[PDB]
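In the block that follows, a single chain appears as structure tokens, in the form deposited in one PDB entry.
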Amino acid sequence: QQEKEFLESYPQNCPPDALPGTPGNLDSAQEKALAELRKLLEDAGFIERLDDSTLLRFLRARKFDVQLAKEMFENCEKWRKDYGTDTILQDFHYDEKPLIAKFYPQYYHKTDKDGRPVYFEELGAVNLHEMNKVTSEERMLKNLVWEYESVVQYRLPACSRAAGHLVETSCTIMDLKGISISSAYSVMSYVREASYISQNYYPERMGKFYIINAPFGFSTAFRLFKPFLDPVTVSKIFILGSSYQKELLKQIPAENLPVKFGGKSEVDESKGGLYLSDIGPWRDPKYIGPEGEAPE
């Protein structure tokens, strides 16, 4: 009575108007696709992470090819064992965070109108040189997986309860204000590594993606490739310039969005404002289940 107990402690059906193939909306032969991936994995010795939400995201990332879903699934299970992800919430301590946070922000803050936790990344402010004095790329990546594990174990279940429906994804906002060719080159390895970790071991976890303060050449390229990108990806990716407030306020309440991005949400500066904060439904006693409160 632990995983089963956890799964039924929060809503498990995505909203009715959600993309097909998502939990509670799968019907078009995909039910049979789901009820096949579970059989193969049960025989292969696997016991955990076989819930509807999990396998469905694996089936969704691989167009519902039950064969490729097993591959992607085993390969991810291989990775969690090697990397020690299963014990990352209690093994790893990013005690350098207060020291380096200002050079590469990274922080979660409340939710958007769909219940998704909002993740902010001020990539344009990054200062790797000043960061390499304290930490290392390896540790920053451990922090990335540590936060991903907080999202699934604590944040998502709490958000589901607060929104009345599932919520398997997050809403991310990346700020490019301040990027240069120089710093862009200095972060490529971390970005390429972080990209590998999520769309392979955390697929379908992205629900919406916003890039604000994107430079002209960059923003222009998107405006020309729009008609050639699949409609499924243009529904999630948003590339906007210096005028982004109206768009953001259209997805995130206003009382939920930080004042710096055109909203009303203010974090007390006498306890690490925004950068060192982690406030949202997951810190509200009435939305915390049998898994207890997430770490800090």
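Note that residue numbering begins at 1 and tracks the sequence as displayed. Between two forms, the rigid core is the largest collection of C-alphas that superpose within 1.5 Å.
Keep in mind that the form deposited in another entry is not shown, yet the notes after this line are about it.
The comparison between this form and the one not shown, aligned on the rigid core, picks out a single residue among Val267, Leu249, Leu34, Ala61 whose CA moves by 2 Å or more, and that residue is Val267.
In the core-superposed comparison between this form and the one not shown, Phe225 has its Cα shifted by at least 2 Å. After superposition on the rigid core, the Cα atom of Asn25 is displaced by less than 2 Å between this form and the one not shown. Residue displacement note: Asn75 has its CA displaced by under 2 Å between this form and the one not shown (rigid core superposed).
A change of 3 Å or more separates the two forms for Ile252 and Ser235: their C-alpha atoms lie farther apart in the other form. Between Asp230 and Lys70, the C-alpha separation shrinks by 3 Å or more in the other form, relative to the conformation displayed.
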